[PDB]
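Q: One file: protein_23.tsv (TSV, N, CA and C atoms).
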```tsv
chain	number	residue	atom	x	y	z
A	1	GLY	N	10.72	-16.55	16.72
A	1	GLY	CA	10.10	-17.84	16.94
A	1	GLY	C	9.01	-17.79	17.99
A	2	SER	N	7.94	-18.55	17.77
A	2	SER	CA	6.82	-18.58	18.70
A	2	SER	C	7.31	-18.73	20.14
A	3	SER	N	7.14	-17.67	20.93
A	3	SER	CA	7.57	-17.68	22.32
A	3	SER	C	6.41	-18.02	23.24
A	4	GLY	N	6.34	-19.29	23.65
A	4	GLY	CA	5.28	-19.73	24.53
A	4	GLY	C	4.20	-20.51	23.80
A	5	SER	N	3.11	-19.84	23.47
A	5	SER	CA	2.00	-20.48	22.77
A	5	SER	C	2.26	-20.53	21.27
A	6	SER	N	1.71	-21.54	20.61
A	6	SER	CA	1.88	-21.71	19.17
A	6	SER	C	0.63	-21.27	18.42
A	7	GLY	N	-0.49	-21.93	18.71
A	7	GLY	CA	-1.74	-21.60	18.05
A	7	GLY	C	-2.75	-22.72	18.14
A	8	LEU	N	-3.79	-22.52	18.95
A	8	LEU	CA	-4.83	-23.52	19.12
A	8	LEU	C	-5.91	-23.38	18.05
A	9	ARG	N	-6.56	-24.49	17.72
A	9	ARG	CA	-7.61	-24.49	16.70
A	9	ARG	C	-8.99	-24.53	17.35
A	10	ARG	N	-9.15	-23.79	18.45
A	10	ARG	CA	-10.41	-23.74	19.16
A	10	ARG	C	-11.59	-23.79	18.19
A	11	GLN	N	-12.60	-24.59	18.53
A	11	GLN	CA	-13.78	-24.73	17.68
A	11	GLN	C	-15.01	-24.13	18.37
A	12	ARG	N	-15.09	-22.81	18.38
A	12	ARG	CA	-16.21	-22.12	19.01
A	12	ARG	C	-16.26	-20.66	18.57
A	13	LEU	N	-17.44	-20.22	18.13
A	13	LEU	CA	-17.62	-18.84	17.69
A	13	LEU	C	-18.20	-17.98	18.81
A	14	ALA	N	-17.83	-16.70	18.81
A	14	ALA	CA	-18.32	-15.77	19.82
A	14	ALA	C	-18.24	-14.33	19.33
A	15	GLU	N	-19.18	-13.50	19.77
A	15	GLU	CA	-19.21	-12.10	19.38
A	15	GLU	C	-17.84	-11.46	19.54
A	16	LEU	N	-17.59	-10.40	18.77
A	16	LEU	CA	-16.31	-9.70	18.83
A	16	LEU	C	-16.18	-8.91	20.13
A	17	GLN	N	-14.98	-8.41	20.40
A	17	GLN	CA	-14.72	-7.64	21.61
A	17	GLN	C	-14.35	-6.20	21.27
A	18	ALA	N	-15.34	-5.31	21.33
A	18	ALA	CA	-15.12	-3.91	21.03
A	18	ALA	C	-14.37	-3.22	22.17
A	19	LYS	N	-13.08	-2.98	21.96
A	19	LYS	CA	-12.25	-2.32	22.97
A	19	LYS	C	-12.29	-0.81	22.81
A	20	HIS	N	-12.60	-0.11	23.90
A	20	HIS	CA	-12.67	1.35	23.88
A	20	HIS	C	-11.38	1.95	23.34
A	21	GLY	N	-11.49	3.07	22.65
A	21	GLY	CA	-10.32	3.73	22.09
A	21	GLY	C	-9.59	2.85	21.10
A	22	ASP	N	-8.26	2.90	21.15
A	22	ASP	CA	-7.43	2.11	20.24
A	22	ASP	C	-5.95	2.26	20.59
A	23	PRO	N	-5.21	1.15	20.51
A	23	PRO	CA	-3.78	1.13	20.81
A	23	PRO	C	-2.96	1.86	19.76
A	24	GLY	N	-3.21	1.54	18.49
A	24	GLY	CA	-2.48	2.18	17.41
A	24	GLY	C	-1.28	1.37	16.96
A	25	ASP	N	-0.12	2.03	16.88
A	25	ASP	CA	1.11	1.37	16.47
A	25	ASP	C	1.50	0.28	17.46
A	26	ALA	N	1.44	0.61	18.75
A	26	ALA	CA	1.79	-0.34	19.80
A	26	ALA	C	1.32	-1.74	19.45
A	27	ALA	N	0.02	-1.89	19.19
A	27	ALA	CA	-0.55	-3.18	18.84
A	27	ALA	C	-0.21	-3.56	17.40
A	28	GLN	N	-0.38	-2.61	16.49
A	28	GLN	CA	-0.09	-2.84	15.08
A	28	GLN	C	1.17	-3.69	14.91
A	29	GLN	N	2.28	-3.20	15.46
A	29	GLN	CA	3.55	-3.91	15.37
A	29	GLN	C	3.33	-5.42	15.46
A	30	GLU	N	2.43	-5.84	16.35
A	30	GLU	CA	2.14	-7.25	16.53
A	30	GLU	C	1.33	-7.79	15.35
A	31	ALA	N	0.21	-7.13	15.06
A	31	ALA	CA	-0.65	-7.54	13.96
A	31	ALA	C	0.14	-7.69	12.66
A	32	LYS	N	0.89	-6.65	12.31
A	32	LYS	CA	1.70	-6.67	11.10
A	32	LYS	C	2.68	-7.83	11.11
A	33	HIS	N	3.05	-8.29	12.31
A	33	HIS	CA	3.98	-9.40	12.46
A	33	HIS	C	3.34	-10.70	11.99
A	34	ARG	N	2.12	-10.96	12.44
A	34	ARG	CA	1.41	-12.17	12.07
A	34	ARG	C	1.17	-12.23	10.56
A	35	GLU	N	0.86	-11.08	9.97
A	35	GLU	CA	0.61	-10.99	8.54
A	35	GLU	C	1.83	-11.47	7.75
A	36	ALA	N	2.98	-11.49	8.41
A	36	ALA	CA	4.22	-11.92	7.77
A	36	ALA	C	4.47	-13.40	8.00
A	37	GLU	N	3.87	-13.94	9.06
A	37	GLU	CA	4.02	-15.35	9.39
A	37	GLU	C	3.10	-16.22	8.54
A	38	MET	N	1.86	-15.78	8.39
A	38	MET	CA	0.88	-16.52	7.59
A	38	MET	C	1.30	-16.56	6.13
A	39	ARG	N	1.67	-15.41	5.58
A	39	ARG	CA	2.09	-15.32	4.19
A	39	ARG	C	3.23	-16.29	3.90
A	40	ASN	N	4.22	-16.32	4.79
A	40	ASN	CA	5.36	-17.21	4.62
A	40	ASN	C	4.91	-18.64	4.38
A	41	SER	N	4.14	-19.19	5.31
A	41	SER	CA	3.64	-20.55	5.20
A	41	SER	C	2.86	-20.74	3.90
A	42	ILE	N	2.30	-19.64	3.39
A	42	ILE	CA	1.53	-19.69	2.16
A	42	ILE	C	2.44	-19.73	0.94
A	43	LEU	N	3.56	-19.03	1.03
A	43	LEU	CA	4.53	-18.99	-0.07
A	43	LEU	C	5.41	-20.23	-0.07
A	44	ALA	N	5.68	-20.76	1.12
A	44	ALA	CA	6.51	-21.95	1.26
A	44	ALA	C	5.74	-23.20	0.86
A	45	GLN	N	4.41	-23.12	0.92
A	45	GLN	CA	3.56	-24.25	0.57
A	45	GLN	C	3.24	-24.25	-0.92
A	46	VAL	N	3.12	-23.05	-1.49
A	46	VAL	CA	2.81	-22.91	-2.91
A	46	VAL	C	4.09	-22.90	-3.75
A	47	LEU	N	5.22	-22.63	-3.10
A	47	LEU	CA	6.50	-22.59	-3.78
A	47	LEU	C	7.43	-23.69	-3.26
A	48	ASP	N	7.76	-24.64	-4.12
A	48	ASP	CA	8.64	-25.74	-3.75
A	48	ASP	C	10.05	-25.23	-3.45
A	49	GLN	N	10.79	-26.00	-2.66
A	49	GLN	CA	12.16	-25.63	-2.30
A	49	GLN	C	12.91	-25.09	-3.51
A	50	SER	N	12.57	-25.60	-4.69
A	50	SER	CA	13.22	-25.17	-5.92
A	50	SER	C	12.84	-23.74	-6.28
A	51	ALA	N	11.54	-23.52	-6.49
A	51	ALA	CA	11.04	-22.19	-6.83
A	51	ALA	C	11.52	-21.15	-5.83
A	52	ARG	N	11.61	-21.55	-4.56
A	52	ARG	CA	12.05	-20.65	-3.50
A	52	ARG	C	13.43	-20.08	-3.81
A	53	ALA	N	14.40	-20.97	-4.00
A	53	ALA	CA	15.77	-20.55	-4.31
A	53	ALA	C	15.80	-19.59	-5.49
A	54	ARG	N	15.00	-19.90	-6.51
A	54	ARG	CA	14.94	-19.07	-7.71
A	54	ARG	C	14.46	-17.66	-7.37
A	55	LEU	N	13.31	-17.58	-6.71
A	55	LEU	CA	12.74	-16.29	-6.32
A	55	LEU	C	13.73	-15.48	-5.50
A	56	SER	N	13.97	-15.91	-4.27
A	56	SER	CA	14.90	-15.23	-3.38
A	56	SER	C	16.10	-14.69	-4.16
A	57	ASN	N	16.74	-15.58	-4.91
A	57	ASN	CA	17.91	-15.20	-5.70
A	57	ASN	C	17.66	-13.90	-6.46
A	58	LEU	N	16.46	-13.77	-7.03
A	58	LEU	CA	16.09	-12.57	-7.77
A	58	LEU	C	15.84	-11.40	-6.83
A	59	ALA	N	15.08	-11.65	-5.77
A	59	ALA	CA	14.77	-10.61	-4.80
A	59	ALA	C	16.00	-9.76	-4.49
A	60	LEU	N	17.17	-10.34	-4.70
A	60	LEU	CA	18.43	-9.63	-4.45
A	60	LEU	C	18.63	-8.50	-5.45
A	61	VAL	N	18.78	-8.85	-6.72
A	61	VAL	CA	18.98	-7.86	-7.77
A	61	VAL	C	17.72	-7.03	-7.98
A	62	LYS	N	16.57	-7.69	-7.93
A	62	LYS	CA	15.29	-7.01	-8.12
A	62	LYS	C	14.34	-7.31	-6.96
A	63	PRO	N	14.50	-6.57	-5.86
A	63	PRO	CA	13.67	-6.73	-4.67
A	63	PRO	C	12.23	-6.26	-4.89
A	64	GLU	N	12.09	-5.12	-5.55
A	64	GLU	CA	10.77	-4.56	-5.83
A	64	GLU	C	9.98	-5.47	-6.76
A	65	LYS	N	10.60	-5.86	-7.87
A	65	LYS	CA	9.96	-6.74	-8.84
A	65	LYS	C	9.47	-8.02	-8.18
A	66	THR	N	10.42	-8.84	-7.71
A	66	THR	CA	10.09	-10.10	-7.06
A	66	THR	C	9.01	-9.90	-6.00
A	67	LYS	N	9.14	-8.83	-5.23
A	67	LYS	CA	8.17	-8.53	-4.18
A	67	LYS	C	6.74	-8.67	-4.70
A	68	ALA	N	6.42	-7.91	-5.74
A	68	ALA	CA	5.09	-7.95	-6.33
A	68	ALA	C	4.67	-9.39	-6.64
A	69	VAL	N	5.62	-10.18	-7.12
A	69	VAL	CA	5.35	-11.57	-7.46
A	69	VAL	C	4.91	-12.36	-6.23
A	70	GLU	N	5.57	-12.11	-5.11
A	70	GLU	CA	5.24	-12.80	-3.86
A	70	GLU	C	3.76	-12.67	-3.54
A	71	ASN	N	3.24	-11.45	-3.64
A	71	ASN	CA	1.83	-11.20	-3.36
A	71	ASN	C	0.94	-11.93	-4.35
A	72	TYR	N	1.37	-11.98	-5.60
A	72	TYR	CA	0.60	-12.65	-6.65
A	72	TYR	C	0.34	-14.11	-6.28
A	73	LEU	N	1.40	-14.82	-5.91
A	73	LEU	CA	1.28	-16.23	-5.53
A	73	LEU	C	0.31	-16.39	-4.36
A	74	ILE	N	0.41	-15.50	-3.38
A	74	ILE	CA	-0.46	-15.55	-2.21
A	74	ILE	C	-1.92	-15.44	-2.61
A	75	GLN	N	-2.27	-14.35	-3.30
A	75	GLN	CA	-3.64	-14.13	-3.75
A	75	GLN	C	-4.13	-15.29	-4.61
A	76	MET	N	-3.23	-15.84	-5.42
A	76	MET	CA	-3.57	-16.96	-6.29
A	76	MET	C	-4.01	-18.17	-5.48
A	77	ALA	N	-3.36	-18.38	-4.34
A	77	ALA	CA	-3.69	-19.50	-3.47
A	77	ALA	C	-5.14	-19.43	-3.00
A	78	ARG	N	-5.47	-18.37	-2.28
A	78	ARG	CA	-6.82	-18.18	-1.77
A	78	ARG	C	-7.85	-18.43	-2.86
A	79	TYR	N	-7.72	-17.72	-3.97
A	79	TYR	CA	-8.64	-17.86	-5.09
A	79	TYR	C	-8.79	-19.33	-5.49
A	80	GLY	N	-7.69	-19.92	-5.96
A	80	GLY	CA	-7.72	-21.32	-6.37
A	80	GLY	C	-7.09	-21.53	-7.73
A	81	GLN	N	-6.05	-20.76	-8.03
A	81	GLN	CA	-5.36	-20.88	-9.31
A	81	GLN	C	-4.20	-21.86	-9.22
A	82	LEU	N	-3.48	-21.81	-8.10
A	82	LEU	CA	-2.34	-22.70	-7.89
A	82	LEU	C	-2.81	-24.12	-7.57
A	83	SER	N	-2.62	-25.03	-8.52
A	83	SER	CA	-3.02	-26.42	-8.34
A	83	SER	C	-2.09	-27.13	-7.37
A	84	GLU	N	-0.84	-27.32	-7.78
A	84	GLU	CA	0.15	-27.99	-6.94
A	84	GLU	C	1.40	-27.13	-6.79
A	85	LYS	N	2.30	-27.56	-5.91
A	85	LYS	CA	3.54	-26.84	-5.67
A	85	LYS	C	4.19	-26.41	-6.98
A	86	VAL	N	4.38	-25.11	-7.15
A	86	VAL	CA	5.00	-24.57	-8.35
A	86	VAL	C	6.48	-24.93	-8.42
A	87	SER	N	7.00	-25.06	-9.64
A	87	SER	CA	8.40	-25.40	-9.84
A	87	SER	C	9.15	-24.25	-10.51
A	88	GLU	N	10.47	-24.29	-10.43
A	88	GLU	CA	11.30	-23.25	-11.03
A	88	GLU	C	10.69	-22.75	-12.33
A	89	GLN	N	10.63	-23.63	-13.33
A	89	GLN	CA	10.06	-23.27	-14.62
A	89	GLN	C	8.83	-22.40	-14.46
A	90	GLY	N	7.83	-22.92	-13.76
A	90	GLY	CA	6.60	-22.17	-13.54
A	90	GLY	C	6.86	-20.79	-12.98
A	91	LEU	N	7.45	-20.74	-11.79
A	91	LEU	CA	7.75	-19.46	-11.14
A	91	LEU	C	8.35	-18.47	-12.13
A	92	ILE	N	9.50	-18.83	-12.69
A	92	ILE	CA	10.17	-17.97	-13.66
A	92	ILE	C	9.17	-17.30	-14.59
A	93	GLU	N	8.21	-18.08	-15.08
A	93	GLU	CA	7.19	-17.56	-15.98
A	93	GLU	C	6.30	-16.55	-15.26
A	94	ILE	N	6.02	-16.80	-13.99
A	94	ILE	CA	5.19	-15.91	-13.19
A	94	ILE	C	5.74	-14.49	-13.18
A	95	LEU	N	7.05	-14.38	-12.97
A	95	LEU	CA	7.71	-13.07	-12.94
A	95	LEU	C	7.26	-12.21	-14.12
A	96	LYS	N	7.13	-12.84	-15.29
A	96	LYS	CA	6.71	-12.13	-16.49
A	96	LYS	C	5.20	-12.20	-16.66
A	97	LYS	N	4.48	-12.29	-15.54
A	97	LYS	CA	3.03	-12.36	-15.57
A	97	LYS	C	2.41	-11.24	-14.73
A	98	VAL	N	2.94	-11.06	-13.53
A	98	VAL	CA	2.44	-10.02	-12.63
A	98	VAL	C	2.67	-8.63	-13.22
A	99	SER	N	3.77	-8.48	-13.96
A	99	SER	CA	4.11	-7.20	-14.57
A	99	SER	C	3.09	-6.83	-15.65
A	100	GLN	N	2.84	-7.76	-16.56
A	100	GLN	CA	1.89	-7.54	-17.64
A	100	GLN	C	0.54	-7.10	-17.10
A	101	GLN	N	0.11	-7.74	-16.01
A	101	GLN	CA	-1.17	-7.42	-15.40
A	101	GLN	C	-1.02	-6.30	-14.37
A	102	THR	N	-1.70	-5.19	-14.61
A	102	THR	CA	-1.64	-4.05	-13.71
A	102	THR	C	-1.72	-4.49	-12.25
A	103	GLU	N	-1.13	-3.70	-11.36
A	103	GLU	CA	-1.14	-4.01	-9.94
A	103	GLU	C	-0.61	-2.83	-9.12
A	104	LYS	N	-1.16	-2.67	-7.92
A	104	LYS	CA	-0.75	-1.58	-7.03
A	104	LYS	C	-0.98	-1.95	-5.57
A	105	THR	N	-0.57	-1.07	-4.67
A	105	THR	CA	-0.74	-1.30	-3.24
A	105	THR	C	-2.21	-1.43	-2.87
A	106	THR	N	-2.73	-2.65	-2.96
A	106	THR	CA	-4.13	-2.90	-2.64
A	106	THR	C	-4.28	-3.42	-1.21
A	107	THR	N	-5.06	-2.70	-0.41
A	107	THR	CA	-5.29	-3.08	0.98
A	107	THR	C	-6.73	-3.52	1.21
A	108	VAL	N	-6.93	-4.44	2.15
A	108	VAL	CA	-8.26	-4.94	2.46
A	108	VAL	C	-8.71	-4.49	3.85
A	109	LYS	N	-9.92	-3.95	3.93
A	109	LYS	CA	-10.47	-3.48	5.19
A	109	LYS	C	-11.60	-4.38	5.67
A	110	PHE	N	-11.36	-5.10	6.76
A	110	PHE	CA	-12.36	-6.00	7.32
A	110	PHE	C	-11.96	-6.46	8.72
A	111	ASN	N	-12.85	-7.22	9.36
A	111	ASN	CA	-12.59	-7.72	10.70
A	111	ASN	C	-12.14	-9.18	10.66
A	112	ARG	N	-10.93	-9.44	11.15
A	112	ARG	CA	-10.39	-10.79	11.17
A	112	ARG	C	-10.39	-11.36	12.58
A	113	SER	N	-9.63	-10.71	13.47
A	113	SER	CA	-9.53	-11.15	14.86
A	113	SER	C	-9.56	-9.96	15.81
A	114	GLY	N	-10.39	-10.05	16.84
A	114	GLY	CA	-10.50	-8.97	17.80
A	114	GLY	C	-9.53	-9.13	18.96
A	115	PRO	N	-9.03	-8.00	19.48
A	115	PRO	CA	-8.08	-8.00	20.60
A	115	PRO	C	-8.73	-8.44	21.91
A	116	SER	N	-7.91	-8.59	22.95
A	116	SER	CA	-8.41	-9.01	24.25
A	116	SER	C	-7.43	-8.60	25.36
A	117	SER	N	-7.96	-8.41	26.56
A	117	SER	CA	-7.13	-8.02	27.70
A	117	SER	C	-6.10	-9.09	28.02
A	118	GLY	N	-4.83	-8.70	28.03
A	118	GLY	CA	-3.76	-9.64	28.32
A	118	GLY	C	-2.49	-8.95	28.76
```
Could you write out this file's structure as structure tokens?
A:
Amino acid sequence: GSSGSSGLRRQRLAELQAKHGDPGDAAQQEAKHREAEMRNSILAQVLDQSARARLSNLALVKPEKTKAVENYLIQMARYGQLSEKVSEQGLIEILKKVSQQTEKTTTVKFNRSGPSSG
């Protein structure tokens, strides 16, 4: 749980902060953590309490399968495919959608947020 600060919506742009060298895993652990917090809110918003129970339930017997589906819903959000909160019926159908369409460990390389002395 957010220990201390939650997240301000500061409205001001500024050049990035090029930090000499690099922390590596030390910092990564943190970055990778946020990537799990944002996705959640994205899956919980695109997946109604109903669809949620359905998915998770599957993640048990088929963790790998369902997993791929999770990413699908996320990417779908950004793009603009998911109109409103998906329901059980819908989700269930999704499971048999991500499989048909090829997919693999796709990573994105870009600058999102720069570190700072703290």
Q: Measuring atom to atom with all atoms listed in the file, identify which of A:85, A:99, A:61, A:46 is nearest to residue 73 in chain A.
A: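 Comparing A:85, A:99, A:61, A:46 against residue 73 in chain A, the winner is A:46.
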Q: Find the residues around residue 43 in chain A up to 9 Å (only C-alpha atoms counted), leave out those fewer than 2 positions away in its own chain, and share them as a list in words.
A: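 My list of contacting residues is residues 38, 39, 40, 41, 45, 46, 47, 48, 52, 70, 71, 73, 74 and 77 of chain A.
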Q: Kindly give the distance, in Å, that separates atom N of residue 107 in chain A and atom C of residue 31 in chain A, rounded to a single decimal.
A: 14.9 Å
Q: Nearest to residue 116 in chain A: which of A:50, A:66, A:17, A:5 is it, counting all atoms listed in the file?
A: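 Among the listed residues, A:17 lies closest to residue 116 in chain A.
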Q: Quick one: pull the distance between atom N of residue 63 in chain A and CA of residue 83 in chain A, Å, one decimal.
A: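 Between atom N of residue 63 in chain A and CA of residue 83 in chain A the gap works out to 26.6 Å.
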Q: Report the distance between CA of residue 86 in chain A and CA of residue 69 in chain A in Å, rounded to one decimal place.
A: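 CA of residue 86 in chain A sits 13.0 Å away from CA of residue 69 in chain A.
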Q: Output, as AutoDock Vina command-line options, the centre and edge lengths in Å (one decimal) of the axis-aligned box that contains all listed atoms of range 97-112 of chain A with 4 Å of margin on each side.
A:
```
--center_x -4.2 --center_y -6.7 --center_z -2.5 --size_x 25.3 --size_y 19.3 --size_z 38.2
```
Q: Taking the DSSP assignment computed from this structure's backbone, write out as a count of residues only all residues of chain A that belong to alpha helix (DSSP H).
A: 63
Q: Of the residues A:75, A:56, A:29, A:3, which is the one nearest to residue 88 in chain A, using only C-alpha atoms?
A: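 Smallest distance to residue 88 in chain A is found for A:56.
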Q: Grab range 16-66 of chain A from that structure and dump C-alpha atoms to a file, as a PDB file, in the first residue's frame.
A:
```pdb
ATOM      1  CA  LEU A  16      14.574  15.078 -18.103  1.00  0.00           C
ATOM      2  CA  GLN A  17      17.227  14.329 -15.483  1.00  0.00           C
ATOM      3  CA  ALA A  18      20.162  12.391 -16.931  1.00  0.00           C
ATOM      4  CA  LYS A  19      21.680  10.574 -13.954  1.00  0.00           C
ATOM      5  CA  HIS A  20      25.292   9.443 -14.353  1.00  0.00           C
ATOM      6  CA  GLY A  21      25.794   5.688 -14.538  1.00  0.00           C
ATOM      7  CA  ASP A  22      22.789   3.578 -13.572  1.00  0.00           C
ATOM      8  CA  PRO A  23      21.298   1.840 -10.506  1.00  0.00           C
ATOM      9  CA  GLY A  24      20.172  -1.322 -12.272  1.00  0.00           C
ATOM     10  CA  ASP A  25      18.106  -3.868 -10.358  1.00  0.00           C
ATOM     11  CA  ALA A  26      18.137  -1.778  -7.180  1.00  0.00           C
ATOM     12  CA  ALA A  27      15.906   0.814  -8.844  1.00  0.00           C
ATOM     13  CA  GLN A  28      14.234  -1.581 -11.280  1.00  0.00           C
ATOM     14  CA  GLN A  29      12.538  -3.402  -8.404  1.00  0.00           C
ATOM     15  CA  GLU A  30      10.688  -0.127  -7.837  1.00  0.00           C
ATOM     16  CA  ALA A  31       9.913   0.654 -11.478  1.00  0.00           C
ATOM     17  CA  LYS A  32       8.636  -2.872 -12.108  1.00  0.00           C
ATOM     18  CA  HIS A  33       6.433  -2.362  -9.048  1.00  0.00           C
ATOM     19  CA  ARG A  34       4.601   0.650 -10.479  1.00  0.00           C
ATOM     20  CA  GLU A  35       4.063  -1.192 -13.764  1.00  0.00           C
ATOM     21  CA  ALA A  36       1.980  -3.609 -11.693  1.00  0.00           C
ATOM     22  CA  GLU A  37      -0.034  -0.887  -9.959  1.00  0.00           C
ATOM     23  CA  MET A  38      -1.068   0.977 -13.109  1.00  0.00           C
ATOM     24  CA  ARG A  39      -2.049  -2.196 -14.963  1.00  0.00           C
ATOM     25  CA  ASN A  40      -4.261  -3.276 -12.062  1.00  0.00           C
ATOM     26  CA  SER A  41      -6.315  -0.075 -12.121  1.00  0.00           C
ATOM     27  CA  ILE A  42      -6.530  -0.591 -15.882  1.00  0.00           C
ATOM     28  CA  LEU A  43      -7.816  -4.159 -15.593  1.00  0.00           C
ATOM     29  CA  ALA A  44     -10.148  -3.338 -12.703  1.00  0.00           C
ATOM     30  CA  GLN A  45     -11.637  -0.463 -14.699  1.00  0.00           C
ATOM     31  CA  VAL A  46     -12.030  -2.396 -17.951  1.00  0.00           C
ATOM     32  CA  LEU A  47     -13.150  -5.555 -16.152  1.00  0.00           C
ATOM     33  CA  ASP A  48     -16.310  -5.404 -14.040  1.00  0.00           C
ATOM     34  CA  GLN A  49     -16.419  -7.166 -10.671  1.00  0.00           C
ATOM     35  CA  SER A  50     -18.092  -9.969 -12.624  1.00  0.00           C
ATOM     36  CA  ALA A  51     -15.486 -10.454 -15.352  1.00  0.00           C
ATOM     37  CA  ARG A  52     -12.838 -10.256 -12.628  1.00  0.00           C
ATOM     38  CA  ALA A  53     -14.112 -13.290 -10.720  1.00  0.00           C
ATOM     39  CA  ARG A  54     -14.326 -15.199 -14.003  1.00  0.00           C
ATOM     40  CA  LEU A  55     -10.765 -14.398 -15.073  1.00  0.00           C
ATOM     41  CA  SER A  56      -8.999 -14.953 -11.749  1.00  0.00           C
ATOM     42  CA  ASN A  57     -10.896 -18.229 -11.383  1.00  0.00           C
ATOM     43  CA  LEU A  58      -9.249 -19.364 -14.619  1.00  0.00           C
ATOM     44  CA  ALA A  59      -5.815 -17.949 -13.801  1.00  0.00           C
ATOM     45  CA  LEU A  60      -5.780 -20.810 -11.295  1.00  0.00           C
ATOM     46  CA  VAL A  61      -6.075 -23.782 -13.651  1.00  0.00           C
ATOM     47  CA  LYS A  62      -4.580 -21.839 -16.558  1.00  0.00           C
ATOM     48  CA  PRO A  63      -2.233 -19.112 -15.250  1.00  0.00           C
ATOM     49  CA  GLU A  64      -0.240 -18.806 -18.476  1.00  0.00           C
ATOM     50  CA  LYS A  65      -3.314 -18.650 -20.711  1.00  0.00           C
ATOM     51  CA  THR A  66      -5.278 -16.118 -18.660  1.00  0.00           C
TER      52      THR A  66
END
```
